[PDB]
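# Reading the structure
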Amino acid sequence: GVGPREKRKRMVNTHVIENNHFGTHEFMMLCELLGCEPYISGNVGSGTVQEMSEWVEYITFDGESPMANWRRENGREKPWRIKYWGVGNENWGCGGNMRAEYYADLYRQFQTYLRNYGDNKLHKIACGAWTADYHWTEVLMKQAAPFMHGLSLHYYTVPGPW
Amino acid sequence: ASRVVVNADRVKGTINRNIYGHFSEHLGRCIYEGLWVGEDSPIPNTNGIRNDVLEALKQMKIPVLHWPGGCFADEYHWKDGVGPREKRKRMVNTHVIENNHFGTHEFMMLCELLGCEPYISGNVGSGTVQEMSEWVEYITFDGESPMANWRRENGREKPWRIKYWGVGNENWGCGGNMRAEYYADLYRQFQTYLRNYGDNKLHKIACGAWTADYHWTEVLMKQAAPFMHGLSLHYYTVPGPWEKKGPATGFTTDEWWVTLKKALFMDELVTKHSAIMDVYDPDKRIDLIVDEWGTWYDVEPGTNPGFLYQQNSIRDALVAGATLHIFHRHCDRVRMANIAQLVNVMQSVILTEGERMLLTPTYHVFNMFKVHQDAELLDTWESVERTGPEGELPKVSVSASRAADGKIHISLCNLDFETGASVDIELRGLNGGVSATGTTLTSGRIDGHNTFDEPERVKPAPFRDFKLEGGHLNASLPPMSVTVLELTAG
Amino acid sequence: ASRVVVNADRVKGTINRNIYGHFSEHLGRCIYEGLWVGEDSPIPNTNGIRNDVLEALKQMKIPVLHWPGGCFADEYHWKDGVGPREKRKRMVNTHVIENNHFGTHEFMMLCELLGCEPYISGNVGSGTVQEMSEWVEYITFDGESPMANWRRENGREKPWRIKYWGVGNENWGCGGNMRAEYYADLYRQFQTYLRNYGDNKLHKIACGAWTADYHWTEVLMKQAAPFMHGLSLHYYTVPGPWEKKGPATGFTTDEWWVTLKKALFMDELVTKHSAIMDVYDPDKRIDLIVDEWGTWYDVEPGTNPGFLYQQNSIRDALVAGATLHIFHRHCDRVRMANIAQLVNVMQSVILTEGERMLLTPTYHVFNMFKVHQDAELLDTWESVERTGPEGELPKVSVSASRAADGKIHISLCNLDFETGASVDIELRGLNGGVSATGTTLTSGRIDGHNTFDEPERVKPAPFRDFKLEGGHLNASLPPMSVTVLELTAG
Ligand SMILES: [Cl-]
Ligand SMILES: [Cl-]
């Protein structure tokens, strides 16, 4: 979702009709125009540690590096600031069908490599429970509390059966 | 006096020379003005490596060098440090100038120049399994493959040999903040794909405990012992709280005693960790490898705290002396150790500033003690005077080796800065009578250090302050001394 | 030849005399013809205990006796064995006769007559907490209470003293088939209510592992180490399958080698169990107590298999000799051991048949070696000839103590039945020169045994087959020997 908009990746099928015209630059810009805080969730389920690490570099790094230089080629000179960074979402489900014990180990690992560049200071957020999985909350706090600034929770209001 | 017997005919094992090992990183000017200066530097160099340092390290007989090690291991992507030096990746913070001019080829070359063993740590924290696998292929594979062919493009035709391969470092901390249970699962997975190509034979090393995390050791041995050739251990000597460690020079007498007391804790750690290894590995197949040790102070005032620059007193020499003795005492299990670090960083053997370099007291110990490298430990039994303000510490630390050429070396540390130390030494199991030369390393001040202006304040001198009554050897050790005696039979 | 050095000035520790301990059960004629005969028996006795055996055990300097021990401990209800002997409980299987004539008073008295320590195992398996608690009250309480007053009615005014109290035995087996996790919880509970009355001080002992259940040891130390003074261990030497163990005499040369190989396995067990205890108890506060060991054969043909009556060859003496040596080598942790059993049962020191008794080869070793009881172990370094059909075993086992009176004792076992054994012994650390007496115990046949008809076939003789060149001591050991040398300084 970065680089010349015209030559970004494209999934399309109506047997995902996604052109990636809206990516990181577009989003950060949006938050600037609205005057709201950006909150990004990185990819744990199908992503790698270097991938997520580099995303933060790309966005927040004021110095000279492949990622930062690439940000500038792509048209943003100064870094952006971001507080809220989610280290995966929905990891009990469509984000890897993980046990809490397991997501917690990945959370700890991934968050390790999300660095504070310039005077950016990250608020790291771990994926919390779905509805009433109090077990999930118990495990994440027991195993990862020291390594997180926040913990998420998901509850939709659904009148009927799924 | 302090009584010591040396059953000179009772070998107790081999002191693996790799105990006298070192370690360097890319956090600071360890690998950036200290060693690597560049092919086009005004400082006299051999293929980019300054010769003053080479000369000194060759003389010290460095046995093994560990790179990347520490935190850097689990940040590094090795492919960033190969290919045309001109076109390698470049990370630079203007507040860090990492240009990756020093990479795999440069390191292997360095180890060849020094005649030391290479010890590399792959990236578990932020790396992948294929990444690490490919690194070993790249280095060791004699056949035809993308990685091997790439090694040759990059200018090395035949494979290299490498024994010591670390599968992550510091994984409980800056290498992923992993639980032991978890690192162990990754270790098993990663190590699976590190193959022995050609006639290279890997010594696979799992990341072991920080300080007194006996739990970590227990779990790694319980879960992974069959899949490892060695297990690491990390313990720095820190005088104060982590938030205010204390200085390298101009420190109190309290800071002296506390520094040594902290250093000697190494014996407890090694004992207790070995104890656990014994349970899961009774025949001691698996090496214990203390790949991080040495003093850690606050940086010299008016230097960047992140650069870790610290001075090196006679204090630092005592720590080095006593700790090496402790490894000697544990050479049944301990088979490698790596002091932190090599140049300009923490407890370095060498400091540099432009084209000037000096040898630290710490250098002098490693140089003096090299007589113990691959030597044979001798049964020594001892009763030593206490010292220090509560009678805490031993006044004296002593060790005896038998070199290959038959000669006998006895190293002695006097930990009291305040007064010298008397040592009667009975030698049993002898052949003829014996004659004895001697070197000593001491200082006038408690923080005796070498500077670029006066780089020879603290250096080894001849030692003659002892009588040798063919059998007994009574000896008179200077305050804050490190001393080696060399005995020849007949 | 076999080389041995004895650093005669280097004490390695104390050999707790309780290593030379024994153990008896209500099993056959151990407590019932072997020891207890009764006040008005025709066998000459002291308050019901036959004097021929007392005399012999007093001679041997028995240090400690364990009763009930084995399975019986966790079946016994101690109140069944106090009160008027006339009106005590009576269990009889007519297919084995328990009249409870030998109970608490009788046992305590026995230990007083022998001058040995009592070691009692309370009943966890089938007993209650108050039951065990009250037993200790009954024995040790100087004041006024139902239990103490009952002791006095039953004829003992002052309390007794007792150190060694076992909180169950064999709890993994015939004492409840308990998991370790579970026994540990009961151990903690029971031991809570065993109080120190008067100035009696209890040494509480938890039931340890059977053979190589290292798991049991791990769990007991992990869960209960703080609540115990000692931990037990059980290992019998069994030549064959459990269903067909092999005989005490008329056995093959293969059965000799196998028997000794099994016996020597004790070193591995003690090492590996100690290793684990070291992890949870680095300072070795807790005693390791091997309260069941010895050979276990098929019963003499045409005797009741359930009575466990077996003979005692020179083979049995070798096992006893070598095993005691192994305990010596481990006296840093091992502080008590109890051979099974005392009389007429398994590897007994004494056999009886009516008023006739004999001393077994095993007796002769315990008697010969008593010079080691509460002695000081000396640094010995050795290189020994191999023996046995695969070069399996050491030809020689040797150990050195320094008695209180300054004298030095060196015990030696030659495990080859086929030929004698040469042993050069260098003695360092001495003052004066030394003179040397010597005893040896050997045999014409590999199954050399004592019978009631010829009870002196195998007994200690003087040993003079050695030259002492005032420093070296070359010695010429008989086949299947056990040998003690006594050196006096000057
Ligand atoms: Cl080597
Ligand atoms: Cl005692």
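Each value, and the rule that gives it
Residues numbered from 1 in each chain as written, not as in the entry; some residues may be left out. Chains lettered and ligands numbered in written order. Part of a larger assembly, values for the part shown. Heavy atoms only, no water. Contact = heavy atoms within 4.5 Å. Buried area = accessible area lost by both parts, 1.4 Å probe. Salt bridge = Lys/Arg side-chain N within 4 Å of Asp/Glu carboxyl O. Polar contact = N/O pair within 3.5 Å; in protein donor to acceptor, adjacent residues only side chain to side chain. Helix = DSSP H or I, 4+ residues; strand = E, 2+ residues; numbered from the N terminus. Buried < 20%, exposed > 50% of the residue type's maximum accessible area, 1.4 Å probe, protein only. Pairing = 2+ DSSP bridges. Least-squares fit on C-alpha atoms. Core = buried A, V, L, I, M, F, W, Y, C linked by side-chain atoms within 4.5 Å.

For this deposited structure, the header cites X-ray crystallography as the method used and 2.8000 Å as the resolution.

What follows concerns the interface of chain C and chain B. Contact with chain C, which involves 14 residues of that partner, is made by 14 residues of chain B. Here chain C packs against chain B, burying approximately 1200 Å² in sum over the two surfaces, 52% of which is carbon and sulfur. Taken as a group, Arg10, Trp381 and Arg428 of chain C account for 41% of the area that chain C buries against chain B, more than any other trio of residues on that side. Taken together, chain C and chain B are joined by four salt bridges. For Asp379 of chain B, the salt bridge goes to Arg10 of chain C, with nearest N and O atoms at 2.9 Å. Applying the counting rule to chain C against chain B returns six residue pairs in polar contact. Counting residues per element, the ones that place at least two in the side of chain C that touches chain B are β1 (2-14), α7 (253-280) and β16 (376-383) of chain C.

On to the pairing of strand β8 (residues 117-122) of chain C. All names here are of chain C. Within β8, five of the six residues are buried, which leaves the element mostly enclosed by the surrounding structure. Where strand β5 (residues 64-66) and β8 come together, three bridges link them in parallel fashion. Its bridge partner being in β8, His66 is matched across the sheet by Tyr119. Pairing between β8 and strand β9 (residues 164-167): four bridges, direction parallel.

To continue, consider the relation of the copies chain C and chain B. The two copies are related by a screw motion: chain C maps onto chain B through a turn of 180° and a shift of 0.1 Å along the axis, at an RMSD of 0.3 Å. These values place the two chain copies in the arrangement generated by a two-fold rotation axis. Closest to the rotation axis within chain C is the C-alpha of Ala275 of chain C, separated from it by 3.4 Å.

What follows covers the nonpolar core. Judged by nonpolar contacts, the single largest core of 158 residues is most densely connected at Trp85 of chain A together with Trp165, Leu220, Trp256 and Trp293 of chain B. The dominant element in this core, judged by the number of residues it contributes, is helix α7 (residues 253-280) of chain B, at nine residues. Residues contacting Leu220 of chain B, with those up to four places away along its chain left out, are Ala180, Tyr183, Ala184, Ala206, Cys207, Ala225, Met228 and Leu231 of chain B. By size, the runner-up hydrophobic cluster in this structure holds 111 residues, among which are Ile15, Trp67, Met147 and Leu269 of chain C.

In this section: the pattern of salt bridges. Following the criterion strictly, the structure yields 64 salt bridges over all chains and no others. Across the pair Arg90 of chain B and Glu64 of chain A runs a salt bridge, and its minimum N-O distance is 3.1 Å. Within this pair, whereas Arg90 of chain B is found in the loop between β5 (64-66) and β6 (91-92), its partner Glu64 of chain A is found in the loop between α2 (49-60) and α3 (66-73), the two belonging to separate chains. The residue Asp9 of chain C makes a salt bridge to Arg428 of chain B at a minimum N-O spacing of 2.6 Å. Highlighted residues: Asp9 of chain C in strand β1 and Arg428 of chain B in strand β21 (residues 421-428), drawn from two different chains. Overall, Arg428 of chain B belongs to the buried group, its relative accessible area being 7%. Via salt bridges that share partners, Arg10 and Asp379 of chain B together with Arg10 and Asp379 of chain C belong to a single interconnected network.

Across the contact, 19 residues belong to chain A and 21 residues belong to chain B. At the boundary of chain A and chain B, one finds three salt bridges. The shortest N-O distance in the salt bridge between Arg179 of chain B and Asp105 of chain A comes to 2.6 Å. Summed over the shared surface of chain A and chain B, the result is 15 residue pairs in polar contact. Taken together, the elements giving at least two residues each to the side of chain A that touches chain B come down to α2 and α4 (100-112) of chain A. Here the side of chain A that touches chain B takes six residues from α4 of chain A, the largest share from any one element.

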